[PDB]
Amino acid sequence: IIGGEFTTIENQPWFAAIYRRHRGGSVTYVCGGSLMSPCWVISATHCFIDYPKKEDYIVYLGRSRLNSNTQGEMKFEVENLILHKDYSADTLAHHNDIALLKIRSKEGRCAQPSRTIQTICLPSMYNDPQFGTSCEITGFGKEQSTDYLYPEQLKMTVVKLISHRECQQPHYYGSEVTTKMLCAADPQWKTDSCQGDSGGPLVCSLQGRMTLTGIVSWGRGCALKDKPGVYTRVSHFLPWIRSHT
């Protein structure tokens, strides 16, 4: 996350940290997720499509630093990885970038809600915030496009939703962004999501409720001029979501 502020998991309790074990025993950070229901995390199909075996993934809840056990965290394996069957990727844009992970403990249990571990509510059909709304994103992703390491402590920032009409303009994304996707950014291009933040939450306060409005999906550069973050518009996938859970 370019700019913003470090923060800790008690300020984002639905954020899930998804790692992958490799042959030989090392483990590295993959993408973020959001806790939807006690047994289900939602993220982006692009983070898992090239390594689709459910056994390799580790999920943490209640975790604030990349490389330490925070008090109160819980660790999960994946009972079920569901990718969208119509996912695709173009040169920039990705389609139907949405995945579900049914989580379980070694003992067989789903998440146990607590002060650091909580779900985030889905949106309702046809009702997303108006353009210009301020929303937050959180993740362990890059602090500068040229870094090659992710920060050791969790970060957050705030960005504003951008309309389809503006985001379809020639110097922004043209026809490559569709009505299934939401655009969001900083009017001054100083802060943004970036590589390593994919799959994480875009949380919007709407009618007094916090809502999982988008899923971090893609973007040209990070906090580059007239290049917004682009996010999966969760409200279109409520039919798909309910049927696979």
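The numbering used is simple: start at 1 and walk along the sequence shown.
Note on 168-176 vs 119-127: mean CA B-factor is higher in 119-127.
Averaged over CA atoms, B-factors in the entry run higher in 206-214 than in the other of 206-214 and 41-49. Annotation for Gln195, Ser34, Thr28, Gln188: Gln188 ranks highest, by Cα B-factor. The top Cα temperature factor in the record, among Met181, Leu66, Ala184, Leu61, falls on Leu66.
The entry lists a Cα temperature factor for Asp97 that places it in the lowest third of the chain's modelled residues. When the modelled residues of the chain are ordered by their C-alpha B factor, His22 lands in the highest third. The deposited CA B-factor of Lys85 belongs to the highest third of values across its chain. Ranked within its chain, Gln71 lands in the highest third, by CA B factor from the PDB record. Residue-level temperature factors show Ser163 in the lowest third of its chain, judged at the C-alpha atom.
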